[PDB]
file work-v1.txt (compact mmCIF, C-alpha atoms)
# COMPACT_ATOMS: atom_id res chain seq x y z
CA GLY A 6 120.30 97.87 90.38
CA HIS A 7 117.87 95.03 90.93
CA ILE A 8 115.27 94.30 93.59
CA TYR A 9 115.42 90.73 94.85
CA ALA A 10 112.30 89.03 96.29
CA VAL A 11 113.54 86.18 98.52
CA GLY A 12 111.41 83.27 99.74
CA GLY A 13 108.03 83.88 101.29
CA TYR A 14 104.87 81.82 101.27
CA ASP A 15 102.49 80.98 98.51
CA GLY A 16 99.36 79.96 100.38
CA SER A 17 97.33 79.35 97.23
CA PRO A 18 95.64 76.01 96.71
CA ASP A 19 97.98 75.18 93.77
CA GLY A 20 100.96 76.53 95.68
CA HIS A 21 104.52 75.54 96.54
CA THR A 22 103.83 76.66 100.16
CA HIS A 23 107.04 77.91 101.81
CA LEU A 24 109.41 79.10 99.13
CA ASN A 25 113.13 78.73 98.46
CA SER A 26 112.76 80.52 95.15
CA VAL A 27 114.18 83.96 94.46
CA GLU A 28 113.39 86.46 91.69
CA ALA A 29 114.97 89.73 90.64
CA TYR A 30 113.32 92.85 89.24
CA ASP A 31 114.90 95.13 86.64
CA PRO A 32 113.09 98.52 86.71
CA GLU A 33 114.46 99.61 83.36
CA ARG A 34 112.85 96.67 81.58
CA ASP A 35 109.99 96.29 84.17
CA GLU A 36 110.69 92.53 84.31
CA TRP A 37 111.10 89.82 86.98
CA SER A 38 113.51 86.95 86.38
CA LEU A 39 113.98 83.85 88.59
CA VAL A 40 117.48 83.48 90.06
CA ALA A 41 119.14 80.54 91.82
CA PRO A 42 116.94 79.31 94.68
CA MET A 43 118.09 79.18 98.24
CA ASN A 44 119.17 76.06 100.00
CA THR A 45 116.29 76.32 102.50
CA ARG A 46 112.61 77.27 102.12
CA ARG A 47 112.04 80.45 104.17
CA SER A 48 108.88 82.40 104.79
CA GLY A 49 109.01 85.23 107.29
CA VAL A 50 112.65 85.68 106.24
CA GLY A 51 114.78 88.73 106.87
CA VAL A 52 116.99 89.92 104.03
CA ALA A 53 119.84 92.40 103.93
CA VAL A 54 122.73 93.31 101.66
CA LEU A 55 126.29 93.56 102.84
CA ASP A 56 129.37 93.87 100.66
CA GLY A 57 127.99 92.52 97.45
CA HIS A 58 126.06 89.63 99.00
CA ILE A 59 122.43 89.15 99.90
CA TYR A 60 121.89 87.50 103.28
CA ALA A 61 118.71 85.54 103.96
CA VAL A 62 118.31 85.30 107.74
CA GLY A 63 116.03 82.96 109.58
CA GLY A 64 112.44 82.37 108.55
CA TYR A 65 110.22 79.32 108.67
CA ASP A 66 110.56 76.29 106.38
CA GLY A 67 107.11 74.74 106.88
CA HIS A 68 108.30 72.45 109.72
CA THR A 69 110.88 74.52 111.60
CA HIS A 70 111.66 78.09 112.71
CA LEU A 71 115.16 78.68 111.43
CA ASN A 72 118.39 79.88 112.93
CA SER A 73 120.18 79.26 109.60
CA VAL A 74 121.50 82.04 107.38
CA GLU A 75 122.64 81.90 103.79
CA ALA A 76 124.32 84.32 101.47
CA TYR A 77 123.90 84.92 97.75
CA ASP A 78 126.80 85.72 95.45
CA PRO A 79 125.27 87.37 92.32
CA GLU A 80 128.42 86.97 90.23
CA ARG A 81 128.21 83.17 90.56
CA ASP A 82 124.44 82.95 91.14
CA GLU A 83 124.73 80.67 94.12
CA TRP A 84 123.75 80.55 97.77
CA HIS A 85 125.97 79.33 100.59
CA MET A 86 125.16 78.69 104.23
CA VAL A 87 126.98 80.84 106.67
CA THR A 88 127.21 80.66 110.43
CA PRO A 89 123.76 80.24 112.00
CA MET A 90 122.31 82.61 114.55
CA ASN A 91 122.15 81.81 118.22
CA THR A 92 118.34 81.85 118.13
CA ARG A 93 115.74 80.57 115.68
CA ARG A 94 113.75 83.55 114.29
CA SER A 95 110.91 83.77 111.85
CA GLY A 96 109.27 87.09 111.30
CA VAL A 97 112.70 88.65 111.96
CA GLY A 98 113.83 92.13 111.00
CA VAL A 99 117.31 92.55 109.54
CA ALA A 100 119.41 95.68 109.18
CA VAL A 101 122.99 96.45 108.17
CA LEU A 102 124.95 99.02 110.15
CA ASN A 103 128.73 99.59 110.07
CA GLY A 104 129.78 96.28 108.67
CA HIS A 105 127.47 94.16 110.82
CA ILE A 106 124.13 92.50 110.12
CA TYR A 107 121.61 92.87 112.96
CA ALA A 108 118.81 90.28 113.43
CA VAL A 109 116.10 91.91 115.51
CA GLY A 110 113.25 90.16 117.21
CA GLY A 111 111.19 87.51 115.52
CA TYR A 112 109.50 84.34 116.76
CA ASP A 113 111.02 81.10 117.98
CA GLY A 114 108.05 78.75 117.72
CA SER A 115 109.92 75.67 118.96
CA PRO A 116 108.58 73.72 121.90
CA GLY A 118 111.47 78.01 122.74
CA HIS A 119 111.02 81.68 123.83
CA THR A 120 108.06 82.52 121.48
CA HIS A 121 108.06 86.27 120.59
CA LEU A 122 111.54 87.67 120.90
CA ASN A 123 113.05 90.83 122.22
CA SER A 124 116.56 89.50 121.67
CA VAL A 125 118.93 90.96 119.09
CA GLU A 126 122.10 89.56 117.62
CA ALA A 127 124.75 90.88 115.28
CA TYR A 128 126.81 89.16 112.60
CA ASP A 129 130.41 90.01 111.93
CA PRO A 130 131.20 88.66 108.43
CA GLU A 131 134.98 88.86 108.89
CA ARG A 132 134.84 86.56 111.92
CA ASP A 133 131.63 84.86 110.63
CA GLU A 134 130.17 84.84 114.16
CA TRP A 135 126.86 86.02 115.65
CA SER A 136 126.93 87.83 118.98
CA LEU A 137 123.97 88.71 121.21
CA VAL A 138 123.54 92.45 121.85
CA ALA A 139 121.20 94.47 124.06
CA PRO A 140 117.60 93.22 123.80
CA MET A 141 114.77 95.52 122.90
CA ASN A 142 112.37 96.85 125.44
CA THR A 143 109.47 95.05 123.77
CA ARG A 144 109.17 91.58 122.23
CA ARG A 145 108.44 91.99 118.47
CA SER A 146 107.72 89.37 115.86
CA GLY A 147 106.78 90.51 112.40
CA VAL A 148 108.89 93.62 113.10
CA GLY A 149 110.15 96.11 110.50
CA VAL A 150 113.70 97.35 110.85
CA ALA A 151 115.60 100.15 109.14
CA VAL A 152 118.75 102.08 109.65
CA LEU A 153 118.93 105.85 109.72
CA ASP A 154 121.78 108.13 110.85
CA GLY A 155 123.60 105.63 112.93
CA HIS A 156 120.59 104.07 114.65
CA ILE A 157 118.57 100.89 114.00
CA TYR A 158 114.82 101.43 114.30
CA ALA A 159 112.52 98.54 115.26
CA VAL A 160 109.03 99.41 114.06
CA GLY A 161 105.81 97.76 115.16
CA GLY A 162 105.54 94.02 115.32
CA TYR A 163 103.58 91.69 117.66
CA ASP A 164 104.44 90.99 121.33
CA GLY A 165 102.44 87.73 121.70
CA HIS A 166 99.49 89.71 123.08
CA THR A 167 99.31 93.02 121.14
CA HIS A 168 99.93 94.33 117.59
CA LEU A 169 102.28 97.23 118.19
CA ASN A 170 102.41 100.87 117.22
CA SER A 171 105.53 101.41 119.32
CA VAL A 172 108.97 102.08 117.87
CA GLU A 173 112.42 101.92 119.46
CA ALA A 174 115.85 102.88 118.29
CA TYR A 175 119.20 101.22 118.94
CA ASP A 176 122.49 103.09 119.42
CA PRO A 177 125.40 100.67 118.78
CA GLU A 178 127.98 102.94 120.41
CA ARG A 179 126.10 102.81 123.72
CA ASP A 180 124.46 99.39 123.09
CA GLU A 181 121.09 100.76 124.20
CA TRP A 182 117.51 100.80 122.92
CA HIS A 183 115.30 103.82 123.48
CA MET A 184 111.61 104.24 122.68
CA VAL A 185 110.71 106.92 120.17
CA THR A 186 107.34 108.32 119.13
CA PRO A 187 104.83 105.60 118.26
CA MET A 188 103.16 105.25 114.92
CA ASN A 189 99.63 106.31 114.24
CA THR A 190 98.59 102.69 113.48
CA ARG A 191 99.46 99.32 115.11
CA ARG A 192 101.32 97.27 112.46
CA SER A 193 102.66 93.74 112.63
CA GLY A 194 104.07 92.18 109.47
CA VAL A 195 105.07 95.70 108.44
CA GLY A 196 107.57 96.67 105.76
CA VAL A 197 110.00 99.44 106.55
CA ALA A 198 112.38 101.42 104.41
CA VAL A 199 114.34 104.65 104.49
CA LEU A 200 114.15 107.35 101.85
CA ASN A 201 115.27 111.03 101.93
CA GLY A 202 115.81 111.07 105.67
CA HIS A 203 112.42 109.55 106.56
CA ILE A 204 111.45 106.10 107.70
CA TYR A 205 108.44 104.67 105.93
CA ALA A 206 106.24 102.06 107.56
CA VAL A 207 104.27 100.29 104.81
CA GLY A 208 101.26 98.10 105.29
CA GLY A 209 101.05 95.49 108.02
CA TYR A 210 98.21 94.13 110.11
CA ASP A 211 96.36 95.67 112.97
CA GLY A 212 94.76 92.66 114.70
CA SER A 213 93.04 94.72 117.39
CA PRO A 214 89.32 94.13 117.69
CA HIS A 217 91.27 97.65 110.34
CA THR A 218 92.96 94.22 109.79
CA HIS A 219 95.32 94.17 106.74
CA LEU A 220 96.55 97.63 105.96
CA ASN A 221 97.11 99.65 102.78
CA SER A 222 98.11 102.68 104.86
CA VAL A 223 101.64 104.03 104.94
CA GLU A 224 103.23 106.44 107.45
CA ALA A 225 106.52 108.35 107.46
CA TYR A 226 108.73 109.24 110.39
CA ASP A 227 110.70 112.45 110.64
CA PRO A 228 113.52 111.89 113.16
CA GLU A 229 114.28 115.60 113.68
CA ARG A 230 110.70 116.23 114.79
CA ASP A 231 110.06 112.70 116.20
CA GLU A 232 106.69 112.43 114.54
CA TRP A 233 104.84 110.10 112.19
CA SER A 234 102.63 111.29 109.34
CA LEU A 235 100.23 109.23 107.19
CA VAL A 236 101.17 109.41 103.49
CA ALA A 237 99.34 108.22 100.37
CA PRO A 238 98.03 104.70 100.92
CA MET A 239 98.91 101.82 98.69
CA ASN A 240 96.51 100.45 96.12
CA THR A 241 96.46 97.06 97.90
CA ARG A 242 96.31 96.01 101.54
CA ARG A 243 99.54 94.09 102.32
CA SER A 244 100.69 92.46 105.49
CA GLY A 245 103.83 90.39 105.44
CA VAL A 246 105.03 92.82 102.72
CA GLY A 247 108.62 93.27 101.56
CA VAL A 248 109.83 96.83 101.01
CA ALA A 249 112.90 98.21 99.32
CA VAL A 250 114.14 101.54 98.02
CA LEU A 251 115.57 101.88 94.52
CA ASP A 252 116.30 105.09 92.63
CA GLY A 253 114.08 107.38 94.60
CA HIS A 254 111.11 105.02 94.75
CA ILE A 255 109.78 102.72 97.47
CA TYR A 256 108.71 99.31 96.21
CA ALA A 257 106.06 97.29 98.11
CA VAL A 258 106.47 93.67 97.09
CA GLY A 259 104.03 90.87 97.70
CA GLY A 260 102.32 90.34 101.01
CA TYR A 261 98.85 89.19 101.98
CA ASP A 262 95.63 91.18 101.55
CA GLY A 263 93.37 89.22 103.94
CA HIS A 264 92.11 86.96 101.16
CA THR A 265 95.04 86.42 98.81
CA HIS A 266 98.81 85.90 98.88
CA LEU A 267 100.07 88.56 96.50
CA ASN A 268 102.33 88.58 93.53
CA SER A 269 101.56 92.22 92.87
CA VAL A 270 104.08 95.03 93.31
CA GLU A 271 103.68 98.76 93.54
CA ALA A 272 106.04 101.70 93.70
CA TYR A 273 105.79 104.98 95.58
CA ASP A 274 107.00 108.23 94.16
CA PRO A 275 107.54 110.67 97.07
CA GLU A 276 107.67 113.68 94.76
CA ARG A 277 104.11 112.93 93.55
CA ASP A 278 102.98 111.09 96.73
CA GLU A 279 101.43 108.43 94.48
CA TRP A 280 101.62 104.64 94.36
CA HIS A 281 101.61 102.91 90.98
CA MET A 282 101.37 99.23 90.16
CA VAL A 283 104.31 97.68 88.39
CA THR A 284 104.96 94.25 86.86
CA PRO A 285 103.88 91.43 89.21
CA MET A 286 106.19 88.74 90.32
CA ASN A 287 106.15 85.29 88.88
CA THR A 288 105.25 83.81 92.29
CA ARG A 289 102.83 84.94 95.05
CA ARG A 290 104.86 85.67 98.20
CA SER A 291 103.75 86.76 101.63
CA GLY A 292 106.30 87.00 104.38
CA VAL A 293 108.79 87.80 101.63
CA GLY A 294 112.21 89.37 102.15
CA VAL A 295 113.32 92.09 99.72
CA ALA A 296 116.83 93.44 99.01
CA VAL A 297 118.34 95.87 96.51
CA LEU A 298 121.66 95.10 94.91
call {"tool": "encode", "arguments": {"input": "work-v1.txt", "output": "structure tokens"}}
result
Amino acid sequence: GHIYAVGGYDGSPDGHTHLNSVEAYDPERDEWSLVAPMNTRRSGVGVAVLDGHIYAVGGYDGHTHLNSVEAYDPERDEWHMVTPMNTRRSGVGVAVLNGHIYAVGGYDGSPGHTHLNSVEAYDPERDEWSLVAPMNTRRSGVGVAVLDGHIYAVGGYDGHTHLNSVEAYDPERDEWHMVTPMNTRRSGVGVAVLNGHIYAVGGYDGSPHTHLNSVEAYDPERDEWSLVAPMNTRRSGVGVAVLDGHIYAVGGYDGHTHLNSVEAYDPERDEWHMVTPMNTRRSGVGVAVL
């Protein structure tokens, strides 16, 4: 299995700015290799894996907030555009549940609706996006993960406040319900699921501790969030994926630097360790495992 880092933003002075490049990590060799770039530059991109393809959803290309979506075929190493979303969304969260890709929240910066509570779902067989129930709260820079038949929308920014709130979507009922809030407000948060817990990694609390290295885990049986070992580096705009019992925190922004560093969390030791950095600095990076 490989971890793919998709797009993002290199804000460095010598940088390529908003990225279409893509790189893949092999944990057995501890090496990153560049793969075919996307058609479109996308920072603030949502990424999910469905049926052997990686979907890059939305994002921002340096001039426009995107409704376009493209899919990567690893056998042929090529990206193809698929049907665009109804709404432009950067800072969008993306989850896969029961054969559908869900695009949750985000920001439509066009001269349309700014921070979004809307949600839409992609049916690959029909290759159509359909609007579903909106969230209770507008959330850009939202983390999304799927656990036990529900989609959780974690944190984000409502246009006025960095959020600690969390809500869960039931597709059978088409309804969002608030669950227990996190300990920390987190926009630009990475979320992933491991061993029956949801981990919220990093992010930014813009209330009057800024860019976060803290990490918290949600237990859905008890409906409670617990702080776990913090990362080595503060990371907002961080990509997070789970591979082989470890959580990988990829890239992000530390309040001074766009990051190419990567670190991995071992839940059995409750320790974060640095691993090989990426070739390119990427904040607002999307991360997928395939």
call {"tool": "residues_around", "arguments": {"input": "work-v1.txt", "residues": "residue 58 in chain A", "least_positions_apart": "4", "cutoff": "7 Å", "atoms": "all atoms listed in the file", "output": "ChimeraX atom specification"}}
result
/A:54,76-78
call {"tool": "atom_distance", "arguments": {"input": "work-v1.txt", "atom1": "CA of residue 35 in chain A", "atom2": "CA of residue 9 in chain A"}}
result
13.2 Å
call {"tool": "residues_around", "arguments": {"input": "work-v1.txt", "residues": "residue 191 in chain A", "least_positions_apart": "2", "cutoff": "9 Å", "atoms": "all atoms listed in the file", "output": "MDAnalysis selection string"}}
result
chainID A and resid 161:162 167:171 187:189 193 209:213
call {"tool": "atom_distance", "arguments": {"input": "work-v1.txt", "atom1": "CA of residue 88 in chain A", "atom2": "CA of residue 152 in chain A"}}
result
23.0 Å
call {"tool": "atom_distance", "arguments": {"input": "work-v1.txt", "atom1": "CA of residue 39 in chain A", "atom2": "CA of residue 200 in chain A"}}
result
27.0 Å
call {"tool": "residues_around", "arguments": {"input": "work-v1.txt", "residues": "range 236-252 of chain A", "least_positions_apart": "3", "cutoff": "7 Å", "atoms": "all atoms listed in the file", "output": "ChimeraX atom specification"}}
result
/A:194-198,200,208-210,219-225,255-262,278-280,291-297
call {"tool": "axis_aligned_box", "arguments": {"input": "work-v1.txt", "around": "range 279-289 of chain A", "padding_each_side": "6 Å", "output": "lines of an AutoDock Vina configuration file"}}
result
center_x = 103.8
center_y = 96.1
center_z = 91.0
size_x = 16.8
size_y = 36.6
size_z = 20.2
call {"tool": "closest_residue", "arguments": {"input": "work-v1.txt", "among": "A:111, A:214, A:104, A:63", "to": "residue 128 in chain A", "atoms": "all atoms listed in the file"}}
result
A:104
call {"tool": "residues_near_point", "arguments": {"input": "work-v1.txt", "point": "(109.6, 85.9, 115.0)", "cutoff": "7 Å", "atoms": "all atoms listed in the file", "output": "list in words"}}
result
residues 94, 95, 96, 97, 110, 111, 112, 113, 121, 122, 146 and 147 of chain A
call {"tool": "residues_around", "arguments": {"input": "work-v1.txt", "residues": "residue 124 in chain A", "least_positions_apart": "6", "cutoff": "7 Å", "atoms": "all atoms listed in the file", "output": "list in words"}}
result
residues 109, 110, 140 and 141 of chain A
call {"tool": "closest_residue", "arguments": {"input": "work-v1.txt", "among": "A:130, A:6, A:13, A:89", "to": "residue 267 in chain A", "atoms": "all atoms listed in the file"}}
result
A:13
call {"tool": "residues_around", "arguments": {"input": "work-v1.txt", "residues": "residue 254 in chain A", "least_positions_apart": "5", "cutoff": "7 Å", "atoms": "all atoms listed in the file", "output": "compact mmCIF listing (two decimals) with C-alpha atoms, keeping the file's coordinate frame"}}
result
# COMPACT_ATOMS: atom_id res chain seq x y z
CA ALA A 272 106.04 101.70 93.70
CA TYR A 273 105.79 104.98 95.58
CA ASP A 274 107.00 108.23 94.16
call {"tool": "closest_residue", "arguments": {"input": "work-v1.txt", "among": "A:180, A:271, A:173, A:154", "to": "residue 229 in chain A", "atoms": "all atoms listed in the file"}}
result
A:154
call {"tool": "closest_residue", "arguments": {"input": "work-v1.txt", "among": "A:277, A:73, A:100, A:107", "to": "residue 199 in chain A", "atoms": "only C-alpha atoms"}}
result
A:100
call {"tool": "closest_residue", "arguments": {"input": "work-v1.txt", "among": "A:202, A:123, A:23, A:132", "to": "residue 155 in chain A", "atoms": "only C-alpha atoms"}}
result
A:202
call {"tool": "closest_residue", "arguments": {"input": "work-v1.txt", "among": "A:142, A:217, A:190, A:151", "to": "residue 235 in chain A", "atoms": "only C-alpha atoms"}}
result
A:190
call {"tool": "decode", "arguments": {"input": "work-v1.txt", "residues": "range 92-209 of chain A", "atoms": "C-alpha atoms", "output": "PDB file, in the first residue's frame"}}
result
ATOM      1  CA  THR A  92     -20.682  23.802  -6.021  1.00  0.00           C
ATOM      2  CA  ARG A  93     -17.117  25.114  -6.052  1.00  0.00           C
ATOM      3  CA  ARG A  94     -15.347  24.006  -2.829  1.00  0.00           C
ATOM      4  CA  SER A  95     -11.878  24.588  -1.533  1.00  0.00           C
ATOM      5  CA  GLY A  96     -11.034  23.455   1.937  1.00  0.00           C
ATOM      6  CA  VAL A  97     -13.514  20.598   1.359  1.00  0.00           C
ATOM      7  CA  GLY A  98     -13.720  17.352   3.296  1.00  0.00           C
ATOM      8  CA  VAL A  99     -14.243  14.134   1.350  1.00  0.00           C
ATOM      9  CA  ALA A 100     -15.395  10.738   2.575  1.00  0.00           C
ATOM     10  CA  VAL A 101     -16.408   7.463   0.944  1.00  0.00           C
ATOM     11  CA  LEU A 102     -19.426   5.586   2.276  1.00  0.00           C
ATOM     12  CA  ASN A 103     -21.302   2.739   0.563  1.00  0.00           C
ATOM     13  CA  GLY A 104     -20.174   3.337  -2.953  1.00  0.00           C
ATOM     14  CA  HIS A 105     -20.587   7.115  -2.893  1.00  0.00           C
ATOM     15  CA  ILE A 106     -18.113   9.954  -2.459  1.00  0.00           C
ATOM     16  CA  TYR A 107     -19.349  12.731  -0.155  1.00  0.00           C
ATOM     17  CA  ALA A 108     -18.023  16.317  -0.519  1.00  0.00           C
ATOM     18  CA  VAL A 109     -18.685  18.116   2.738  1.00  0.00           C
ATOM     19  CA  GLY A 110     -18.496  21.821   3.317  1.00  0.00           C
ATOM     20  CA  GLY A 111     -15.665  23.938   2.031  1.00  0.00           C
ATOM     21  CA  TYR A 112     -15.471  27.496   0.724  1.00  0.00           C
ATOM     22  CA  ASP A 113     -16.830  28.981  -2.480  1.00  0.00           C
ATOM     23  CA  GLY A 114     -14.817  32.192  -2.709  1.00  0.00           C
ATOM     24  CA  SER A 115     -16.393  33.358  -5.981  1.00  0.00           C
ATOM     25  CA  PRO A 116     -17.988  36.775  -6.172  1.00  0.00           C
ATOM     26  CA  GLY A 118     -20.725  32.748  -4.232  1.00  0.00           C
ATOM     27  CA  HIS A 119     -21.925  31.397  -0.830  1.00  0.00           C
ATOM     28  CA  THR A 120     -18.561  31.735   1.044  1.00  0.00           C
ATOM     29  CA  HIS A 121     -18.307  29.108   3.858  1.00  0.00           C
ATOM     30  CA  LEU A 122     -20.480  26.148   3.048  1.00  0.00           C
ATOM     31  CA  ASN A 123     -22.791  23.916   4.976  1.00  0.00           C
ATOM     32  CA  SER A 124     -23.877  22.140   1.805  1.00  0.00           C
ATOM     33  CA  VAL A 125     -23.032  18.508   1.099  1.00  0.00           C
ATOM     34  CA  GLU A 126     -23.148  16.557  -2.121  1.00  0.00           C
ATOM     35  CA  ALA A 127     -22.632  12.933  -3.056  1.00  0.00           C
ATOM     36  CA  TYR A 128     -21.114  11.331  -6.141  1.00  0.00           C
ATOM     37  CA  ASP A 129     -22.435   8.158  -7.651  1.00  0.00           C
ATOM     38  CA  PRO A 130     -19.645   6.780  -9.882  1.00  0.00           C
ATOM     39  CA  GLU A 131     -21.933   4.397 -11.784  1.00  0.00           C
ATOM     40  CA  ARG A 132     -24.159   7.274 -12.922  1.00  0.00           C
ATOM     41  CA  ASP A 133     -21.231   9.776 -12.708  1.00  0.00           C
ATOM     42  CA  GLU A 134     -23.534  12.405 -11.177  1.00  0.00           C
ATOM     43  CA  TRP A 135     -23.332  14.584  -8.053  1.00  0.00           C
ATOM     44  CA  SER A 136     -26.468  15.044  -5.968  1.00  0.00           C
ATOM     45  CA  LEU A 137     -27.039  17.521  -3.137  1.00  0.00           C
ATOM     46  CA  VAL A 138     -27.879  15.905   0.221  1.00  0.00           C
ATOM     47  CA  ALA A 139     -28.897  17.287   3.611  1.00  0.00           C
ATOM     48  CA  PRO A 140     -26.719  20.262   4.612  1.00  0.00           C
ATOM     49  CA  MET A 141     -24.858  20.343   7.871  1.00  0.00           C
ATOM     50  CA  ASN A 142     -26.028  22.336  10.814  1.00  0.00           C
ATOM     51  CA  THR A 143     -22.920  24.514  10.690  1.00  0.00           C
ATOM     52  CA  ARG A 144     -20.981  26.022   7.785  1.00  0.00           C
ATOM     53  CA  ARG A 145     -17.450  24.489   7.767  1.00  0.00           C
ATOM     54  CA  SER A 146     -14.495  25.280   5.555  1.00  0.00           C
ATOM     55  CA  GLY A 147     -11.212  23.594   6.302  1.00  0.00           C
ATOM     56  CA  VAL A 148     -13.279  20.705   7.720  1.00  0.00           C
ATOM     57  CA  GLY A 149     -12.009  17.192   8.455  1.00  0.00           C
ATOM     58  CA  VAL A 150     -14.236  14.289   7.498  1.00  0.00           C
ATOM     59  CA  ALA A 151     -14.081  10.586   8.295  1.00  0.00           C
ATOM     60  CA  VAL A 152     -16.341   7.625   8.149  1.00  0.00           C
ATOM     61  CA  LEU A 153     -17.001   5.318  11.063  1.00  0.00           C
ATOM     62  CA  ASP A 154     -19.689   2.638  11.480  1.00  0.00           C
ATOM     63  CA  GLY A 155     -22.035   3.896   8.872  1.00  0.00           C
ATOM     64  CA  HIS A 156     -21.806   7.601   9.695  1.00  0.00           C
ATOM     65  CA  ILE A 157     -19.823  10.488   8.177  1.00  0.00           C
ATOM     66  CA  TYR A 158     -18.295  12.777  10.809  1.00  0.00           C
ATOM     67  CA  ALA A 159     -17.593  16.438  10.010  1.00  0.00           C
ATOM     68  CA  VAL A 160     -14.952  17.656  12.450  1.00  0.00           C
ATOM     69  CA  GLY A 161     -14.083  21.254  13.187  1.00  0.00           C
ATOM     70  CA  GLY A 162     -13.582  23.715  10.391  1.00  0.00           C
ATOM     71  CA  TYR A 163     -14.302  27.472  10.125  1.00  0.00           C
ATOM     72  CA  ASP A 164     -17.782  29.049   9.828  1.00  0.00           C
ATOM     73  CA  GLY A 165     -16.671  32.466   8.444  1.00  0.00           C
ATOM     74  CA  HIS A 166     -16.664  33.878  11.980  1.00  0.00           C
ATOM     75  CA  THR A 167     -15.358  31.137  14.328  1.00  0.00           C
ATOM     76  CA  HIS A 168     -12.791  28.289  14.295  1.00  0.00           C
ATOM     77  CA  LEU A 169     -14.866  25.317  15.387  1.00  0.00           C
ATOM     78  CA  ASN A 170     -14.587  22.624  18.016  1.00  0.00           C
ATOM     79  CA  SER A 171     -18.006  21.250  17.103  1.00  0.00           C
ATOM     80  CA  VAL A 172     -18.554  17.916  15.381  1.00  0.00           C
ATOM     81  CA  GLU A 173     -21.601  16.498  13.611  1.00  0.00           C
ATOM     82  CA  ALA A 174     -22.431  13.123  12.187  1.00  0.00           C
ATOM     83  CA  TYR A 175     -24.422  12.210   9.090  1.00  0.00           C
ATOM     84  CA  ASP A 176     -26.717   9.180   8.799  1.00  0.00           C
ATOM     85  CA  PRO A 177     -27.281   8.394   5.093  1.00  0.00           C
ATOM     86  CA  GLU A 178     -30.261   6.132   5.759  1.00  0.00           C
ATOM     87  CA  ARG A 179     -32.153   8.996   7.396  1.00  0.00           C
ATOM     88  CA  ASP A 180     -30.344  11.794   5.470  1.00  0.00           C
ATOM     89  CA  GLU A 181     -29.807  13.721   8.710  1.00  0.00           C
ATOM     90  CA  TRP A 182     -26.945  15.445  10.525  1.00  0.00           C
ATOM     91  CA  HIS A 183     -26.744  15.377  14.297  1.00  0.00           C
ATOM     92  CA  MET A 184     -24.286  17.181  16.576  1.00  0.00           C
ATOM     93  CA  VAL A 185     -22.042  15.006  18.709  1.00  0.00           C
ATOM     94  CA  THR A 186     -19.680  15.901  21.536  1.00  0.00           C
ATOM     95  CA  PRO A 187     -17.318  18.748  20.619  1.00  0.00           C
ATOM     96  CA  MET A 188     -13.577  18.470  20.612  1.00  0.00           C
ATOM     97  CA  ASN A 189     -11.391  19.846  23.329  1.00  0.00           C
ATOM     98  CA  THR A 190      -9.734  22.297  20.884  1.00  0.00           C
ATOM     99  CA  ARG A 191     -11.110  24.480  18.038  1.00  0.00           C
ATOM    100  CA  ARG A 192      -9.476  23.219  14.809  1.00  0.00           C
ATOM    101  CA  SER A 193      -9.812  24.506  11.263  1.00  0.00           C
ATOM    102  CA  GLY A 194      -7.583  23.009   8.579  1.00  0.00           C
ATOM    103  CA  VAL A 195      -7.668  19.786  10.605  1.00  0.00           C
ATOM    104  CA  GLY A 196      -6.735  16.315   9.404  1.00  0.00           C
ATOM    105  CA  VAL A 197      -8.996  13.460  10.393  1.00  0.00           C
ATOM    106  CA  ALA A 198      -8.602   9.726  10.188  1.00  0.00           C
ATOM    107  CA  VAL A 199     -10.077   6.570  11.650  1.00  0.00           C
ATOM    108  CA  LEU A 200      -8.081   3.862  13.375  1.00  0.00           C
ATOM    109  CA  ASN A 201      -9.197   0.996  15.691  1.00  0.00           C
ATOM    110  CA  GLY A 202     -12.679   2.383  16.169  1.00  0.00           C
ATOM    111  CA  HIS A 203     -11.568   5.919  17.073  1.00  0.00           C
ATOM    112  CA  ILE A 204     -11.597   9.124  15.102  1.00  0.00           C
ATOM    113  CA  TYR A 205      -8.398  11.114  15.329  1.00  0.00           C
ATOM    114  CA  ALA A 206      -8.354  14.866  14.826  1.00  0.00           C
ATOM    115  CA  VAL A 207      -4.779  15.899  13.977  1.00  0.00           C
ATOM    116  CA  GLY A 208      -3.404  19.397  14.047  1.00  0.00           C
ATOM    117  CA  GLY A 209      -5.289  22.361  12.640  1.00  0.00           C
TER     118      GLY A 209
END
